[PDB]
>>> print(open('structure30.pdb').read())   # PDB, C-alpha atoms
MODEL        1
ATOM      1  CA  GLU A 252     -66.203-119.468  47.681  1.00  0.00           C
ATOM      2  CA  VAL A 253     -69.107-117.113  48.717  1.00  0.00           C
ATOM      3  CA  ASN A 254     -66.962-114.283  50.266  1.00  0.00           C
ATOM      4  CA  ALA A 255     -66.153-110.513  49.956  1.00  0.00           C
ATOM      5  CA  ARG A 256     -62.298-110.709  49.790  1.00  0.00           C
ATOM      6  CA  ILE A 257     -60.730-107.156  49.778  1.00  0.00           C
ATOM      7  CA  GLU A 258     -58.274-106.410  46.903  1.00  0.00           C
ATOM      8  CA  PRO A 259     -56.322-103.473  48.457  1.00  0.00           C
ATOM      9  CA  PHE A 260     -56.319-100.226  46.344  1.00  0.00           C
ATOM     10  CA  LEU A 261     -52.635 -99.135  45.937  1.00  0.00           C
ATOM     11  CA  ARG A 262     -51.154 -96.122  44.020  1.00  0.00           C
ATOM     12  CA  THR A 263     -50.288 -98.819  41.365  1.00  0.00           C
ATOM     13  CA  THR A 264     -53.722-100.609  40.944  1.00  0.00           C
ATOM     14  CA  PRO A 265     -55.800 -97.964  39.010  1.00  0.00           C
ATOM     15  CA  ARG A 266     -55.232 -97.731  35.189  1.00  0.00           C
ATOM     16  CA  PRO A 267     -56.299 -94.825  32.901  1.00  0.00           C
ATOM     17  CA  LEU A 268     -59.893 -95.182  31.494  1.00  0.00           C
ATOM     18  CA  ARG A 269     -59.935 -96.566  27.882  1.00  0.00           C
ATOM     19  CA  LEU A 270     -61.686 -94.073  25.475  1.00  0.00           C
ATOM     20  CA  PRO A 271     -63.250 -95.678  22.343  1.00  0.00           C
ATOM     21  CA  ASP A 272     -61.683 -95.691  18.796  1.00  0.00           C
ATOM     22  CA  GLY A 273     -63.633 -94.611  15.651  1.00  0.00           C
ATOM     23  CA  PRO A 274     -64.220 -91.543  13.414  1.00  0.00           C
ATOM     24  CA  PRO A 275     -64.141 -88.159  15.262  1.00  0.00           C
ATOM     25  CA  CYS A 276     -67.297 -87.090  17.260  1.00  0.00           C
ATOM     26  CA  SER A 277     -69.732 -84.443  15.813  1.00  0.00           C
ATOM     27  CA  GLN A 278     -71.406 -81.271  17.259  1.00  0.00           C
ATOM     28  CA  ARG A 279     -74.913 -82.224  18.566  1.00  0.00           C
ATOM     29  CA  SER A 280     -75.857 -78.925  20.374  1.00  0.00           C
ATOM     30  CA  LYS A 281     -79.183 -77.240  19.280  1.00  0.00           C
ATOM     31  CA  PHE A 282     -77.481 -73.900  18.404  1.00  0.00           C
ATOM     32  CA  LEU A 283     -73.824 -72.931  17.632  1.00  0.00           C
ATOM     33  CA  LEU A 284     -71.614 -72.085  20.680  1.00  0.00           C
ATOM     34  CA  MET A 285     -68.095 -70.584  19.997  1.00  0.00           C
ATOM     35  CA  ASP A 286     -68.703 -70.494  16.172  1.00  0.00           C
ATOM     36  CA  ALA A 287     -72.030 -68.539  16.541  1.00  0.00           C
ATOM     37  CA  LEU A 288     -72.189 -65.006  14.981  1.00  0.00           C
ATOM     38  CA  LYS A 289     -74.728 -62.211  15.735  1.00  0.00           C
ATOM     39  CA  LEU A 290     -76.077 -59.079  13.947  1.00  0.00           C
ATOM     40  CA  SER A 291     -76.504 -56.475  16.756  1.00  0.00           C
ATOM     41  CA  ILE A 292     -78.602 -53.253  17.110  1.00  0.00           C
ATOM     42  CA  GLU A 293     -78.414 -50.715  20.005  1.00  0.00           C
ATOM     43  CA  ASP A 294     -82.086 -50.275  21.143  1.00  0.00           C
ATOM     44  CA  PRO A 295     -82.022 -47.640  23.942  1.00  0.00           C
ATOM     45  CA  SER A 296     -85.363 -45.667  24.116  1.00  0.00           C
ATOM     46  CA  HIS A 297     -87.626 -48.800  23.797  1.00  0.00           C
ATOM     47  CA  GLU A 298     -86.940 -50.780  27.026  1.00  0.00           C
ATOM     48  CA  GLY A 299     -88.852 -53.981  28.025  1.00  0.00           C
ATOM     49  CA  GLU A 300     -90.499 -56.897  26.104  1.00  0.00           C
ATOM     50  CA  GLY A 301     -90.865 -55.872  22.398  1.00  0.00           C
ATOM     51  CA  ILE A 302     -91.550 -57.900  19.181  1.00  0.00           C
ATOM     52  CA  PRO A 303     -88.820 -60.408  18.150  1.00  0.00           C
TER      53      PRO A 303
ATOM     54  CA  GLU B 252    -104.417  25.057  -8.666  1.00  0.00           C
ATOM     55  CA  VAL B 253    -103.353  22.017 -10.830  1.00  0.00           C
ATOM     56  CA  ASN B 254     -99.694  21.777  -9.604  1.00  0.00           C
ATOM     57  CA  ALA B 255     -97.172  19.413  -7.882  1.00  0.00           C
ATOM     58  CA  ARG B 256     -96.040  21.723  -5.009  1.00  0.00           C
ATOM     59  CA  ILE B 257     -93.269  20.011  -2.910  1.00  0.00           C
ATOM     60  CA  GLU B 258     -93.943  19.915   0.881  1.00  0.00           C
ATOM     61  CA  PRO B 259     -90.327  19.492   2.126  1.00  0.00           C
ATOM     62  CA  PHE B 260     -89.728  16.393   4.373  1.00  0.00           C
ATOM     63  CA  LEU B 261     -87.988  17.674   7.565  1.00  0.00           C
ATOM     64  CA  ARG B 262     -86.762  15.778  10.703  1.00  0.00           C
ATOM     65  CA  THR B 263     -90.027  17.175  12.270  1.00  0.00           C
ATOM     66  CA  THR B 264     -92.695  16.308   9.563  1.00  0.00           C
ATOM     67  CA  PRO B 265     -93.130  12.482  10.021  1.00  0.00           C
ATOM     68  CA  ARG B 266     -95.489  11.323  12.862  1.00  0.00           C
ATOM     69  CA  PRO B 267     -95.613   7.779  14.333  1.00  0.00           C
ATOM     70  CA  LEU B 268     -98.088   5.417  12.511  1.00  0.00           C
ATOM     71  CA  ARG B 269    -101.473   5.118  14.356  1.00  0.00           C
ATOM     72  CA  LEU B 270    -102.121   1.409  15.271  1.00  0.00           C
ATOM     73  CA  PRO B 271    -105.821   0.471  15.713  1.00  0.00           C
ATOM     74  CA  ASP B 272    -107.642   0.123  19.107  1.00  0.00           C
ATOM     75  CA  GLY B 273    -109.792  -2.915  20.024  1.00  0.00           C
ATOM     76  CA  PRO B 274    -109.509  -6.185  22.003  1.00  0.00           C
ATOM     77  CA  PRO B 275    -106.033  -7.842  21.856  1.00  0.00           C
ATOM     78  CA  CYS B 276    -105.113  -9.857  18.670  1.00  0.00           C
ATOM     79  CA  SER B 277    -105.209 -13.728  18.726  1.00  0.00           C
ATOM     80  CA  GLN B 278    -102.772 -16.503  17.569  1.00  0.00           C
ATOM     81  CA  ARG B 279    -103.732 -17.648  14.011  1.00  0.00           C
ATOM     82  CA  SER B 280    -100.674 -19.899  13.218  1.00  0.00           C
ATOM     83  CA  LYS B 281    -101.500 -23.529  12.118  1.00  0.00           C
ATOM     84  CA  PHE B 282     -99.332 -25.123  14.874  1.00  0.00           C
ATOM     85  CA  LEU B 283     -97.922 -23.778  18.208  1.00  0.00           C
ATOM     86  CA  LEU B 284     -94.561 -21.907  17.998  1.00  0.00           C
ATOM     87  CA  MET B 285     -92.812 -20.965  21.331  1.00  0.00           C
ATOM     88  CA  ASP B 286     -95.547 -22.718  23.442  1.00  0.00           C
ATOM     89  CA  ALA B 287     -95.160 -26.050  21.496  1.00  0.00           C
ATOM     90  CA  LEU B 288     -93.983 -29.144  23.485  1.00  0.00           C
ATOM     91  CA  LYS B 289     -92.538 -32.420  22.092  1.00  0.00           C
ATOM     92  CA  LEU B 290     -92.187 -36.053  23.295  1.00  0.00           C
ATOM     93  CA  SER B 291     -88.760 -37.180  21.937  1.00  0.00           C
ATOM     94  CA  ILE B 292     -87.138 -40.614  21.249  1.00  0.00           C
ATOM     95  CA  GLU B 293     -83.456 -41.233  20.254  1.00  0.00           C
ATOM     96  CA  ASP B 294     -83.674 -43.431  17.067  1.00  0.00           C
ATOM     97  CA  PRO B 295     -80.032 -44.227  16.124  1.00  0.00           C
ATOM     98  CA  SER B 296     -79.735 -47.675  14.363  1.00  0.00           C
ATOM     99  CA  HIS B 297     -82.780 -47.111  12.028  1.00  0.00           C
ATOM    100  CA  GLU B 298     -81.704 -44.211   9.736  1.00  0.00           C
ATOM    101  CA  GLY B 299     -83.803 -42.925   6.760  1.00  0.00           C
ATOM    102  CA  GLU B 300     -87.579 -42.675   5.990  1.00  0.00           C
ATOM    103  CA  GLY B 301     -89.515 -44.873   8.511  1.00  0.00           C
ATOM    104  CA  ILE B 302     -93.253 -44.866   9.521  1.00  0.00           C
ATOM    105  CA  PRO B 303     -94.578 -41.746  11.337  1.00  0.00           C
TER     106      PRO B 303
ENDMDL
END
>>> encode(input="structure30.pdb", output="structure tokens")
Amino acid sequence: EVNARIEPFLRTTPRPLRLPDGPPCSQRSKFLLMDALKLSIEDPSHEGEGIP
Amino acid sequence: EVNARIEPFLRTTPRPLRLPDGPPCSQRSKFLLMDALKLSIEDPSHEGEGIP
């Protein structure tokens, strides 16, 4: 009964992964991604590390 | 001898003004004019009264 019997892996044996049920998942990123919006200035003459 | 006799003004009577002699005159303007030089920045995004 102590053995390593080999179930053969056929094109039929693997099922799709079961994803959990529940309320829909929430955004948990630090900052916004696709929703993010930016106020932009063109700063030409001053190049290099400034003051944020 | 008390009269207002009229010396007539002819094309011949007026001489060129005599300009004084001496060492050459010096610049006495507050700031430089044609000799002046400027360090320039393009400041687009910030319009209106800033800090000099």
>>> atom_distance(input="structure30.pdb", atom1="atom CA of residue A:292", atom2="atom CA of residue B:302")
18.5 Å
>>> atom_distance(input="structure30.pdb", atom1="atom CA of residue A:297", atom2="atom CA of residue B:289")
17.2 Å
>>> resolve_selection(input="structure30.pdb", expression="the ChimeraX specification (/A :<8) & /B", output="list in words")
residues 292, 293, 294, 295 and 296 of chain B
>>> calpha_fit_and_write(input="structure30.pdb", fixed="chain A", moving="chain B", output="mmCIF file with C-alpha atoms, in the coordinates of the input")
data_model
loop_
_atom_site.group_PDB
_atom_site.id
_atom_site.type_symbol
_atom_site.label_atom_id
_atom_site.label_comp_id
_atom_site.auth_asym_id
_atom_site.auth_seq_id
_atom_site.Cartn_x
_atom_site.Cartn_y
_atom_site.Cartn_z
ATOM 1 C CA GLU B 252 -65.389 -119.666 47.489
ATOM 2 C CA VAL B 253 -68.443 -117.496 48.501
ATOM 3 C CA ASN B 254 -66.484 -114.611 50.171
ATOM 4 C CA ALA B 255 -65.854 -110.806 49.987
ATOM 5 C CA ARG B 256 -62.003 -110.838 49.785
ATOM 6 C CA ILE B 257 -60.620 -107.219 49.768
ATOM 7 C CA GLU B 258 -58.192 -106.433 46.883
ATOM 8 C CA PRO B 259 -56.346 -103.440 48.446
ATOM 9 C CA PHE B 260 -56.435 -100.189 46.341
ATOM 10 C CA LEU B 261 -52.782 -99.009 45.991
ATOM 11 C CA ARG B 262 -51.287 -95.934 44.188
ATOM 12 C CA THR B 263 -50.405 -98.536 41.445
ATOM 13 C CA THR B 264 -53.769 -100.455 40.996
ATOM 14 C CA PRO B 265 -55.931 -97.896 39.043
ATOM 15 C CA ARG B 266 -55.399 -97.728 35.213
ATOM 16 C CA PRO B 267 -56.559 -94.861 32.938
ATOM 17 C CA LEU B 268 -60.141 -95.333 31.533
ATOM 18 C CA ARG B 269 -60.139 -96.731 27.928
ATOM 19 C CA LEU B 270 -61.974 -94.252 25.582
ATOM 20 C CA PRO B 271 -63.474 -95.826 22.414
ATOM 21 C CA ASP B 272 -61.869 -95.718 18.896
ATOM 22 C CA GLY B 273 -63.796 -94.674 15.751
ATOM 23 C CA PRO B 274 -64.287 -91.586 13.535
ATOM 24 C CA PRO B 275 -64.241 -88.235 15.438
ATOM 25 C CA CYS B 276 -67.447 -87.190 17.359
ATOM 26 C CA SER B 277 -69.810 -84.504 15.877
ATOM 27 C CA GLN B 278 -71.520 -81.337 17.298
ATOM 28 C CA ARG B 279 -75.090 -82.223 18.465
ATOM 29 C CA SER B 280 -76.010 -78.917 20.273
ATOM 30 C CA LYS B 281 -79.298 -77.220 19.100
ATOM 31 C CA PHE B 282 -77.575 -73.870 18.295
ATOM 32 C CA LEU B 283 -73.892 -72.904 17.651
ATOM 33 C CA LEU B 284 -71.768 -72.135 20.772
ATOM 34 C CA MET B 285 -68.219 -70.667 20.219
ATOM 35 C CA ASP B 286 -68.700 -70.543 16.377
ATOM 36 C CA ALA B 287 -72.003 -68.535 16.680
ATOM 37 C CA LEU B 288 -72.080 -64.995 15.138
ATOM 38 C CA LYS B 289 -74.599 -62.181 15.844
ATOM 39 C CA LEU B 290 -75.846 -59.028 14.034
ATOM 40 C CA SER B 291 -76.358 -56.450 16.853
ATOM 41 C CA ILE B 292 -78.409 -53.197 17.182
ATOM 42 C CA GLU B 293 -78.265 -50.704 20.130
ATOM 43 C CA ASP B 294 -81.965 -50.260 21.201
ATOM 44 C CA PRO B 295 -81.906 -47.651 24.025
ATOM 45 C CA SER B 296 -85.178 -45.563 24.109
ATOM 46 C CA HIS B 297 -87.526 -48.620 23.676
ATOM 47 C CA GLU B 298 -87.028 -50.672 26.895
ATOM 48 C CA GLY B 299 -89.075 -53.826 27.777
ATOM 49 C CA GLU B 300 -90.740 -56.655 25.742
ATOM 50 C CA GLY B 301 -90.932 -55.580 22.035
ATOM 51 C CA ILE B 302 -91.459 -57.673 18.821
ATOM 52 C CA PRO B 303 -88.693 -60.172 17.876
#
>>> atom_distance(input="structure30.pdb", atom1="atom CA of residue B:301", atom2="atom CA of residue A:298")
19.6 Å
>>> axis_aligned_box(input="structure30.pdb", around="stretch 274-278 of chain A", padding_each_side="6 Å", output="lines of an AutoDock Vina configuration file")
center_x = -67.8
center_y = -86.4
center_z = 15.3
size_x = 19.3
size_y = 22.3
size_z = 15.8
>>> build_atoms(input="structure30.pdb", residues="stretch 262-275 of chain A", atoms="N, CA and C atoms", output="short mmCIF file (atom, residue, chain, number, x, y, z; two decimals), keeping the file's coordinate frame")
data_model
loop_
_atom_site.label_atom_id
_atom_site.label_comp_id
_atom_site.auth_asym_id
_atom_site.auth_seq_id
_atom_site.Cartn_x
_atom_site.Cartn_y
_atom_site.Cartn_z
N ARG A 262 -51.47 -97.21 44.99
CA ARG A 262 -51.15 -96.12 44.02
C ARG A 262 -50.80 -96.73 42.66
N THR A 263 -50.70 -98.06 42.58
CA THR A 263 -50.29 -98.82 41.36
C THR A 263 -51.50 -99.46 40.67
N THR A 264 -52.59 -99.74 41.40
CA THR A 264 -53.72 -100.61 40.94
C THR A 264 -54.60 -99.92 39.89
N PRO A 265 -54.87 -98.60 39.95
CA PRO A 265 -55.80 -97.96 39.01
C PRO A 265 -55.15 -97.57 37.68
N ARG A 266 -55.71 -98.04 36.56
CA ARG A 266 -55.23 -97.73 35.19
C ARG A 266 -56.03 -96.56 34.62
N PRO A 267 -55.50 -95.83 33.62
CA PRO A 267 -56.30 -94.82 32.90
C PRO A 267 -57.49 -95.47 32.18
N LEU A 268 -58.65 -94.79 32.21
CA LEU A 268 -59.89 -95.18 31.49
C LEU A 268 -59.57 -95.33 30.01
N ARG A 269 -60.13 -96.34 29.34
CA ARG A 269 -59.94 -96.57 27.88
C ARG A 269 -61.07 -95.87 27.13
N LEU A 270 -60.74 -94.84 26.34
CA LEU A 270 -61.69 -94.07 25.48
C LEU A 270 -61.81 -94.78 24.13
N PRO A 271 -63.03 -94.89 23.56
CA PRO A 271 -63.25 -95.68 22.34
C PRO A 271 -62.53 -95.14 21.10
N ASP A 272 -62.25 -96.02 20.13
CA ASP A 272 -61.68 -95.69 18.80
C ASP A 272 -62.82 -95.63 17.77
N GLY A 273 -62.63 -94.85 16.70
CA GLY A 273 -63.63 -94.61 15.65
C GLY A 273 -63.45 -93.24 15.01
N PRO A 274 -64.33 -92.85 14.06
CA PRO A 274 -64.22 -91.54 13.41
C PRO A 274 -64.50 -90.45 14.45
N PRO A 275 -64.01 -89.21 14.25
CA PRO A 275 -64.14 -88.16 15.26
C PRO A 275 -65.60 -87.76 15.52
#
